[PDB]
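We begin with a single chain expressed as structure tokens, specifically the form deposited without the named molecule.
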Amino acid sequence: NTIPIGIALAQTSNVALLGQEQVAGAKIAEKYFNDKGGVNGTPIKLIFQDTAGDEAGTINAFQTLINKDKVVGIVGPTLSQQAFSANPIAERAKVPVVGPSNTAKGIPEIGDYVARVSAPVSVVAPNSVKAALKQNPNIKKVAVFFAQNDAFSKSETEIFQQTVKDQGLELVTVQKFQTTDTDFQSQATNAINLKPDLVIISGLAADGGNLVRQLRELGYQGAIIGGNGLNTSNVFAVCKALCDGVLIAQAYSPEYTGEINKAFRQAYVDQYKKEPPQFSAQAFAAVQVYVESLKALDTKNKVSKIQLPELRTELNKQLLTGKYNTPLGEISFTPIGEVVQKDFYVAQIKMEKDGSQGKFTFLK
């Protein structure tokens, strides 16, 4: 006997450029927690249902997890775009959802069953603008790009634009693209003609990486910030050496000294031979929230005796009250499911000259 927890992530489509990291983190969590006896001796079992890259696929994954797999709760989906359409399904069904990477404004407000462990754009994004200004205090002109078809990108760009204004900088253009575009010649040239000192990009990974590469190809030599959708080494293949120098804010640091981060990091580095990415750590944290909440609930109200609808409701209630020492730091939730998290960072892509390898260097 095991306790089923649903994992609804993008395992296919270009959204899997983020989702793959999340699967890795979730699997590390499953082993870590089951090696500690699961839920008071009862193992958990992660049940994966691929969402693919769109809303319909996420709705289908959630419905399968809820109805066929009988899960006690869901971790997912990968994108805020997907969450706004699919999470109401879980809300109506009274099944908890913990978002691992949904950073748009409004996610926890979807309902009483929606929480997230992924710090939102309003708290994460401004630090990369501040870091850019530290590296070049003479930045004056800023060009902004965003994916107009993606809910997260639209929310993120609003924060970047406000931060640019508040820092006293000139917003010389806001250019739109689609996440499915591969070619950005016209937008990139339009921006370059305005002589920006800083370019900010809110998109996802394939699109963001292609845009970075093309800006550099077209002769842009200024600073670049990528938003959370570019926050993966999977961009390295796309922009190669031309990824070098991109600044990306972080809600996780491999060097954070919490004991569980040491354990998580060691497991990750031993397997994948590089430092754990943010998305992997956040996925681990989401699983952790469920395990520790299930343990607390089970101690007060043995879960093997609770029928599934009540188990789901009681699990949701419990998780919102918990305090968790996770790889992200000490986190908790507000009464509506927003994450409470104190520490943020900025990292910078450092590519080897040949362009075949790189890493994220954390700024001090």
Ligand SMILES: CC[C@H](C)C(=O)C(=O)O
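Note that residue numbering begins at 1 and tracks the sequence as displayed.
When the two stretches 298-306 and 57-65 are set side by side, the higher mean Cα temperature factor goes to 298-306. Checked against the record, the higher mean CA B factor of 267-275 and 192-200 lies with 267-275. Compared with the other modelled residues of the chain, the Cα B-factor recorded for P100 ranks in the lowest third. Looking at the C-alpha B-factors along this chain, the one for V174 belongs to the middle third. Compared with the other modelled residues of the chain, the Cα B-factor recorded for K134 ranks in the highest third. When the modelled residues of the chain are ordered by C-alpha B-factor, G358 sits in the highest third. Split the chain's modelled residues into thirds by C-alpha temperature factor. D166 is in the highest one.
Absent from the display: the form deposited with the named molecule bound. The rest refers to it.
Under a 4.5 angstroms non-hydrogen atom cutoff, the named molecule in the bound PDB entry has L18 among its neighbouring residues. Of the heavy atoms in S80, some are within 4.5 Å of the named molecule in the bound PDB entry. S128 falls outside the set of residues with a heavy atom inside 4.5 Å of the named molecule in the bound PDB entry. In the bound PDB entry, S101 approaches the named molecule with a heavy atom inside 4.5 Å.
Of the stretches 250-258, 132-140, 185-193, 222-230, only 222-230 has residues with a heavy atom within 4.5 Å of the named molecule in the bound PDB entry. This chain is displayed alone, yet in the bound PDB entry one of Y290, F145, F279, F264 has a heavy atom within 4.5 Å of the named molecule; that residue is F279.
For the residues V97, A285, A86, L204, the 4.5 Å heavy atom test against the named molecule in the bound PDB entry is passed only by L204.
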